[PDB]
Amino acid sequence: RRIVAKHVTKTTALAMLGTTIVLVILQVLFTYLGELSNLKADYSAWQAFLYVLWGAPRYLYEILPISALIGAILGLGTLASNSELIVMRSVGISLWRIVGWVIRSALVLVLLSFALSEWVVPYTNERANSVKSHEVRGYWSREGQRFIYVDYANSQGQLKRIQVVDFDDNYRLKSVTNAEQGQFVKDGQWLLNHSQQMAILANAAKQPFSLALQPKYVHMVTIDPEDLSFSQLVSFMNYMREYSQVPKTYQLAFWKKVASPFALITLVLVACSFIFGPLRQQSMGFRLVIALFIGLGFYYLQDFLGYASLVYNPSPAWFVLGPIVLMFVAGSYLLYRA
């Protein structure tokens, strides 16, 4: 049982690839048209075109779910309108096996999504930001009961204008200190110069002390949680959790990233169920229109629930994985109706 599987997989994969290419081209064009309204003297149209071109991997990563949805719709529509699925069933091949073949096709897009997220996006995104603008300042942070302010931090491992306040467990001042310059030496410890201090004044030419800030994560502060790769996001969240309180937006980013392949597979399954169900014996244009509506609805629901997770108390896991489970159940039921 490989010839039919090979045929279905080839058709669906070619449909997905063509849809992905077309959507990437359209998004690049539309993003350029959008980024033609922010031109400045130091930011010309060529600079905008380069900025949009460098953002192509990010647009591709964001388009993969709807791309897979539309690819499944078009491939199975080509198979069905030609009355191939009817004969496939009439020889004993079940619906779930066809869905399994289409999922085999979509796993390539899932792998490409992982590769882009973990290897490609953090580089081209940085290049695009560098092009648009042309390693952090004013950074506040907490270490348990300590509050730290660093006016300038250099990822090479330097700090300028350090201020630190240490409180008692009862929130009473334990100490305060300032420093002109500082240098990381070992994990969790920094030397520094001009150590003015007060305790519950004092001065010192040079002294070391322990603080948890590390050069590794300094550059991550200016980057939005969503744009972080999975490795960077997990490492930064582990660091923050072990040393401070992790913000809810980072949890939302983590749950939205972990659920991406599941979202893609569930959307593909919904597409297949629609082809076998309501969208049987329908014009290819109608199938494409319904696929676009499903994609827009999914994106809007995902964004709205992510924000509602931020606004509301319970964990973002529910708000993120509810649509996936509900759509999977709906598609499974629609497949049960045959």
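In this text, rigid core is short for the largest set of C-alphas that superpose within 1.5 Å between two forms. Sequential numbering from 1, following the sequence displayed.
After superposing on the rigid core, which of 31-39 and 61-69 has its C-alpha atoms sitting farther from this form in 4 other deposited structures of this protein? If we average over structures and residues in 4 other deposited structures of this protein, the farther stretch is 31-39.
After fitting on the rigid core, which stretch moves more in 4 other deposited structures of this protein, 295-303 or 44-52, going by C-alpha RMS? With the rigid core superposed, the C-alphas that lie farther in 4 other deposited structures of this protein are those of 44-52.
Are coordinates for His219 absent from at least a third of the other PDB entries that model its neighbours? Modelled in all the others, so no.
Would you say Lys257 is missing from a third or more of the other compared entries? Modelled in all the others, so no.
Could you bin the unmodelled part of the deposited chain lying between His134 and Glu135 as none, 1 to 3, 4 to 9, or 10 or more? Count of unmodelled residues in between: 4 to 9.
Please count the deposited residues lying between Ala205 and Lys206 that the model leaves without coordinates, and give the class: none, 1 to 3, 4 to 9, or 10 or more. Per the deposited record, the segment joining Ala205 and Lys206 has no missing residues.
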